[PDB]
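Enquirer: Dropping in model37.tsv, which is TSV, C-alpha atoms:
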chain	number	residue	atom	x	y	z
P	52	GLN	CA	-16.00	-20.12	13.56
P	53	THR	CA	-13.26	-20.57	10.95
P	54	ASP	CA	-12.98	-22.82	7.85
P	55	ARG	CA	-9.86	-24.57	6.32
P	56	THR	CA	-8.39	-21.20	5.22
P	57	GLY	CA	-9.10	-19.73	8.73
P	58	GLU	CA	-11.94	-17.64	7.24
P	59	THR	CA	-15.02	-16.67	9.25
P	60	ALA	CA	-18.51	-16.10	7.76
P	61	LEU	CA	-17.55	-12.40	7.69
P	62	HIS	CA	-14.42	-13.16	5.62
P	63	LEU	CA	-16.68	-15.11	3.22
P	64	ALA	CA	-19.23	-12.27	3.07
P	65	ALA	CA	-16.32	-9.97	2.10
P	66	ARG	CA	-14.79	-12.37	-0.43
P	67	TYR	CA	-18.19	-12.98	-2.10
P	68	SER	CA	-19.62	-9.43	-1.88
P	69	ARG	CA	-22.52	-10.35	0.45
P	70	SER	CA	-23.45	-6.98	1.92
P	71	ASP	CA	-26.62	-7.96	3.83
P	72	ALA	CA	-24.86	-10.99	5.28
P	73	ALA	CA	-22.01	-8.68	6.45
P	74	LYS	CA	-24.44	-6.28	8.14
P	75	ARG	CA	-26.40	-9.00	9.99
P	76	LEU	CA	-23.12	-10.55	11.20
P	77	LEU	CA	-21.82	-7.18	12.44
P	78	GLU	CA	-25.18	-6.38	14.13
P	79	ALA	CA	-24.92	-9.74	15.94
P	80	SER	CA	-21.53	-8.58	17.31
P	81	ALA	CA	-19.41	-10.76	14.97
P	82	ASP	CA	-15.72	-9.85	15.56
P	83	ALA	CA	-14.72	-7.60	12.61
P	84	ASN	CA	-11.00	-8.28	13.14
P	85	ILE	CA	-10.53	-12.09	13.17
P	86	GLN	CA	-7.44	-13.16	11.20
P	87	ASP	CA	-7.50	-15.93	8.62
P	88	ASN	CA	-4.46	-18.24	8.01
P	89	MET	CA	-2.50	-15.33	6.35
P	90	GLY	CA	-3.50	-12.78	9.02
P	91	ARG	CA	-6.20	-11.16	6.76
P	92	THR	CA	-9.22	-9.64	8.48
P	93	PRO	CA	-12.49	-9.30	6.55
P	94	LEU	CA	-11.33	-5.81	5.55
P	95	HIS	CA	-8.16	-7.18	3.83
P	96	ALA	CA	-10.47	-9.73	2.13
P	97	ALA	CA	-12.80	-6.93	0.84
P	98	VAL	CA	-9.87	-5.01	-0.61
P	99	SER	CA	-8.46	-8.16	-2.30
P	100	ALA	CA	-11.91	-9.07	-3.69
P	101	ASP	CA	-12.65	-5.49	-4.71
P	102	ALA	CA	-15.89	-5.97	-2.79
P	103	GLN	CA	-17.10	-2.34	-2.70
P	104	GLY	CA	-20.34	-2.88	-0.73
P	105	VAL	CA	-18.82	-4.94	2.13
P	106	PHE	CA	-15.75	-2.63	2.15
P	107	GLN	CA	-18.04	0.38	2.93
P	108	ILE	CA	-19.93	-1.57	5.58
P	109	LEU	CA	-16.65	-2.54	7.25
P	110	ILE	CA	-15.06	0.91	7.23
P	111	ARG	CA	-18.35	2.45	8.59
P	112	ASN	CA	-18.18	-0.07	11.47
P	113	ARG	CA	-16.39	1.75	14.35
P	114	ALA	CA	-14.74	-1.41	15.83
P	115	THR	CA	-13.12	-2.39	12.47
P	116	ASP	CA	-9.32	-2.03	12.74
P	117	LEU	CA	-8.45	0.02	9.64
P	118	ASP	CA	-4.70	-0.58	10.26
P	119	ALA	CA	-4.97	-4.39	10.79
P	120	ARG	CA	-1.80	-6.30	9.85
P	121	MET	CA	-1.42	-9.50	7.88
P	122	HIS	CA	1.33	-11.88	8.96
P	123	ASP	CA	3.87	-9.89	6.84
P	124	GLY	CA	2.52	-6.59	8.33
P	125	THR	CA	0.43	-5.71	5.22
P	126	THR	CA	-2.37	-3.22	6.10
P	127	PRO	CA	-5.62	-2.62	4.11
P	128	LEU	CA	-4.11	0.62	2.79
P	129	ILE	CA	-0.86	-1.06	1.61
P	130	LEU	CA	-2.94	-3.81	0.00
P	131	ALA	CA	-5.12	-1.20	-1.83
P	132	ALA	CA	-2.02	0.59	-3.11
P	133	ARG	CA	-0.44	-2.72	-4.25
P	134	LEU	CA	-3.56	-3.99	-5.98
P	135	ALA	CA	-4.50	-0.65	-7.58
P	136	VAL	CA	-8.18	-1.13	-6.63
P	137	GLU	CA	-10.42	1.86	-7.43
P	138	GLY	CA	-11.54	4.16	-4.61
P	139	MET	CA	-10.64	2.11	-1.55
P	140	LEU	CA	-7.26	3.72	-0.81
P	141	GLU	CA	-8.82	7.16	-0.71
P	142	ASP	CA	-11.82	5.93	1.35
P	143	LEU	CA	-9.45	4.38	3.96
P	144	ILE	CA	-7.45	7.57	4.21
P	145	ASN	CA	-10.66	9.62	4.57
P	146	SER	CA	-11.73	7.26	7.39
P	147	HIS	CA	-8.40	8.04	9.12
P	148	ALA	CA	-6.29	4.92	8.42
P	149	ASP	CA	-2.62	5.65	9.22
P	150	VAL	CA	-1.07	6.87	5.93
P	151	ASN	CA	2.45	6.24	7.32
P	152	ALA	CA	2.01	2.69	8.75
P	153	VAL	CA	4.55	0.20	7.44
P	154	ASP	CA	4.72	-3.53	6.84
P	155	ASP	CA	7.36	-5.78	8.41
P	156	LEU	CA	9.97	-4.72	5.85
P	157	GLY	CA	9.44	-1.05	6.68
P	158	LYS	CA	7.48	-0.32	3.48
P	159	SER	CA	4.64	2.26	3.61
P	160	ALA	CA	1.70	2.36	1.21
P	161	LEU	CA	3.72	5.01	-0.74
P	162	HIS	CA	6.72	2.63	-1.05
P	163	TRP	CA	4.35	0.06	-2.56
P	164	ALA	CA	2.61	2.63	-4.84
P	165	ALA	CA	6.11	3.54	-6.11
P	166	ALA	CA	7.14	-0.16	-6.60
P	167	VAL	CA	4.02	-1.04	-8.66
P	168	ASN	CA	3.79	2.40	-10.40
P	169	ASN	CA	0.35	3.10	-8.89
P	170	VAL	CA	0.59	6.83	-9.72
P	171	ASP	CA	-2.99	7.79	-8.65
P	172	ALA	CA	-2.39	6.18	-5.23
P	173	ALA	CA	0.96	7.97	-4.80
P	174	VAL	CA	-0.82	11.32	-5.54
P	175	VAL	CA	-3.55	10.69	-2.95
P	176	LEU	CA	-1.06	9.45	-0.34
P	177	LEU	CA	1.18	12.52	-0.77
P	178	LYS	CA	-1.83	14.86	-0.59
P	179	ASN	CA	-2.72	13.23	2.73
P	180	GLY	CA	0.60	13.55	4.52
P	181	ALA	CA	2.56	10.44	3.48
P	182	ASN	CA	6.24	10.86	4.30
P	183	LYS	CA	7.78	11.11	0.81
P	184	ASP	CA	11.31	10.48	2.10
P	185	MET	CA	10.53	7.53	4.40
P	186	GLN	CA	13.19	4.81	4.43
P	187	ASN	CA	12.34	1.11	4.75
P	188	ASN	CA	14.51	-1.47	6.56
P	189	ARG	CA	16.89	-1.62	3.57
P	190	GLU	CA	17.17	2.24	3.69
P	191	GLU	CA	15.14	2.51	0.45
P	192	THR	CA	12.85	5.50	-0.15
P	193	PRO	CA	9.77	5.34	-2.39
P	194	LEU	CA	11.83	7.13	-5.09
P	195	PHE	CA	14.55	4.46	-4.78
P	196	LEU	CA	11.92	1.72	-5.35
P	197	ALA	CA	10.31	3.62	-8.32
P	198	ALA	CA	13.86	3.87	-9.85
P	199	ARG	CA	14.54	0.15	-9.12
P	200	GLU	CA	11.27	-1.06	-10.72
P	201	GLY	CA	11.19	1.38	-13.68
P	202	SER	CA	8.11	3.16	-12.35
P	203	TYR	CA	8.58	6.28	-14.40
P	204	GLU	CA	5.21	8.02	-13.82
P	205	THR	CA	5.39	7.56	-10.04
P	206	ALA	CA	9.12	8.61	-9.96
P	207	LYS	CA	7.95	11.82	-11.73
P	208	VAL	CA	5.18	12.52	-9.14
P	209	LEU	CA	7.72	11.94	-6.32
P	210	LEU	CA	10.26	14.37	-7.92
P	211	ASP	CA	7.51	16.99	-8.47
P	212	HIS	CA	6.85	16.62	-4.72
P	213	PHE	CA	10.60	17.39	-4.14
P	214	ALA	CA	11.43	13.89	-2.83
P	215	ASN	CA	15.10	13.77	-1.82
P	216	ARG	CA	17.01	12.02	-4.63
P	217	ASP	CA	20.25	11.86	-2.58
P	218	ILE	CA	18.98	9.39	0.05
P	219	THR	CA	20.83	6.13	-0.64
P	220	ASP	CA	20.01	2.49	0.22
P	221	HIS	CA	21.96	0.27	2.67
P	222	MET	CA	24.63	-0.26	-0.07
P	223	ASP	CA	25.05	3.51	-0.67
P	224	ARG	CA	23.24	3.37	-4.01
P	225	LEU	CA	21.27	6.44	-5.16
P	226	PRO	CA	17.92	6.05	-7.02
P	227	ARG	CA	20.00	7.05	-10.11
P	228	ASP	CA	22.50	4.19	-9.42
P	229	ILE	CA	19.86	1.47	-9.03
P	230	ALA	CA	18.02	2.67	-12.18
P	231	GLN	CA	21.35	2.48	-14.12
P	232	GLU	CA	22.12	-1.03	-12.74
P	233	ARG	CA	18.65	-2.16	-13.76
P	234	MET	CA	18.81	-0.48	-17.17
P	235	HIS	CA	15.89	1.92	-16.55
P	236	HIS	CA	17.46	4.53	-18.81
P	237	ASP	CA	14.31	6.74	-19.00
P	238	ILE	CA	14.45	7.16	-15.19
P	239	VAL	CA	18.19	7.94	-15.19
P	240	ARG	CA	17.39	10.60	-17.77
P	241	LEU	CA	14.54	11.97	-15.62
P	242	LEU	CA	16.75	12.06	-12.51
P	243	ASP	CA	19.47	13.89	-14.54
P	244	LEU	CA	17.03	16.61	-15.71
Just give me the structure as structure tokens.

Expert:
Amino acid sequence: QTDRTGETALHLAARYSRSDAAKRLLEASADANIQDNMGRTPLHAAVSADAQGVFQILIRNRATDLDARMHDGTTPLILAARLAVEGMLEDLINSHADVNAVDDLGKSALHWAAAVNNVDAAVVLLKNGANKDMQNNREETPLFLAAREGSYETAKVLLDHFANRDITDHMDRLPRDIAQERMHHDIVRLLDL
């Protein structure tokens, strides 16, 4: 049963870090994948709440959909990269979440790590087979988004992984071009090295 935000008891257990409550619900065959009003499952809720105990319980539960999509296509892994929560991104990847899944705009977890300058997440994603040159629906690569947002440290990791700096967006702009337009002079310098 759902509340006014579409949350089940399991969503609430996640949001409030109630580990025993989570286990009893799952043992009673509570559906691990019910969506709230924004399409969040209890696993999205645990990532957003940084609820470590319930997070582990949910990823250890076989029937939990690790690649579940919010109503904008956001997965638990993309959410972990965006929010820069400790540990959870790597735990999801180790539990075999799809490193290359994308939201409804075509953005992977690596696109988002680049946009928010989550350098540690970019490193783990790349080490686990993330496509460094993936283009989203606007033809933007993670390097393009790092250059757009001024994410210097993540741009550097991407270049050290030999990300292709010549892949342009839908308007034929290079990462170097968007950095220049947005006055991210340190990135233009880095790209010119």

Enquirer: Tell me which protein, DNA and RNA residues are within 9 Å of residue 140 (chain P), counting all atoms listed in the file, leaving out same-chain ones fewer than 4 positions away, and put them as a list in words.

Expert: residues 127, 128, 129, 130, 131, 132, 135, 136, 144, 145, 172, 175 and 176 of chain P

Enquirer: Could you give me, as a count of residues only, the residues within 12 Å of residue 98 (chain P), counting all atoms listed in the file and dropping anything in the same chain fewer than 4 positions from it?

Expert: 36

Enquirer: Hey, what's within 8 Å of residue 195 (chain P) if we count only C-alpha atoms and toss same-chain stuff fewer than 3 positions away? As a ChimeraX atom specification, please?

Expert: /P:191-192,198-199,216,219-220,225-226,229

Enquirer: Mind giving me the straight-line distance from CA of residue 165 (chain P) to CA of residue 222 (chain P) in Å, one decimal?

Expert: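 Taking CA of residue 165 (chain P) as the start and CA of residue 222 (chain P) as the end point, the length is 19.8 Å.
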
Enquirer: Of the residues P:120, P:221, P:55, P:111, which is the one nearest to residue 153 (chain P), using all atoms listed in the file?

Expert: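 Using all atoms listed in the file, residue 153 (chain P) sits closest to P:120.
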
Enquirer: Restricting the calculation to all atoms listed in the file, which member of P:150, P:96, P:61, P:108 is positioned closest to residue 173 (chain P)?

Expert: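 Of all the options, P:150 lies closest to residue 173 (chain P).
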
Enquirer: Quick one: residues within 8 Å of region 203-209 of chain P, only C-alpha atoms, excluding same-chain residues fewer than 5 positions away - as a PyMOL selection string?

Expert: chain P and resi 164-165+168-170+173-174+183+193-194+197-198+214+237-238+241

Enquirer: Go ahead and write the residues just picked, C-alpha atoms, as a short mmCIF file (atom, residue, chain, number, x, y, z; two decimals), keeping the file's coordinate frame.

Expert:
data_model
loop_
_atom_site.label_atom_id
_atom_site.label_comp_id
_atom_site.auth_asym_id
_atom_site.auth_seq_id
_atom_site.Cartn_x
_atom_site.Cartn_y
_atom_site.Cartn_z
CA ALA P 164 2.61 2.63 -4.84
CA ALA P 165 6.11 3.54 -6.11
CA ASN P 168 3.79 2.40 -10.40
CA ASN P 169 0.35 3.10 -8.89
CA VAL P 170 0.59 6.83 -9.72
CA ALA P 173 0.96 7.97 -4.80
CA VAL P 174 -0.82 11.32 -5.54
CA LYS P 183 7.78 11.11 0.81
CA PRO P 193 9.77 5.34 -2.39
CA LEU P 194 11.83 7.13 -5.09
CA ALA P 197 10.31 3.62 -8.32
CA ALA P 198 13.86 3.87 -9.85
CA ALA P 214 11.43 13.89 -2.83
CA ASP P 237 14.31 6.74 -19.00
CA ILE P 238 14.45 7.16 -15.19
CA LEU P 241 14.54 11.97 -15.62
#

Enquirer: One decimal, in Å: what's the spacing between CA of residue 148 (chain P) and CA of residue 85 (chain P)?

Expert: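 Separation of CA of residue 148 (chain P) and CA of residue 85 (chain P): 18.2 Å.
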
Enquirer: CA of residue 97 (chain P) and CA of residue 158 (chain P), how far apart in Å?

Expert: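 Calculated distance between CA of residue 158 (chain P) and CA of residue 97 (chain P) is 21.5 Å.
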
Enquirer: When distances are computed from all atoms listed in the file, which of P:71, P:122, P:64, P:146 shows the smallest separation from residue 90 (chain P)?

Expert: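 Looking at the shortest contact to residue 90 (chain P), the residue is P:122.
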
Enquirer: Rank P:210, P:89, P:167, P:181 by their smallest atom-to-atom distance to residue 242 (chain P), using all atoms listed in the file, and report the top residue only.

Expert: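 Between P:210, P:89, P:167, P:181, the residue approaching residue 242 (chain P) most closely is P:210.
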
Enquirer: Could you check which of P:218, P:114, P:239, P:166 is closest to residue 78 (chain P), using all atoms listed in the file?

Expert: P:114

Enquirer: Name the residues in contact with residue 57 (chain P) at a cut-off of 8 Å, using all atoms listed in the file, excluding same-chain residues fewer than 5 positions from it; report them as a PyMOL selection string.

Expert: chain P and resi 86-88

Enquirer: Let's have the selection written as a PDB file, in the frame of the given file, with C-alpha atoms.

Expert:
ATOM      1  CA  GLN P  86      -7.440 -13.160  11.200  1.00  0.00           C
ATOM      2  CA  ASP P  87      -7.500 -15.930   8.620  1.00  0.00           C
ATOM      3  CA  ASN P  88      -4.460 -18.240   8.010  1.00  0.00           C
TER       4      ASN P  88
END

Enquirer: Identify which of the residues P:152, P:161, P:76, P:121 lies closest to residue 63 (chain P), counting only C-alpha atoms when measuring atom-to-atom distances.

Expert: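 Of the candidates, the smallest distance to residue 63 (chain P) is held by P:76.
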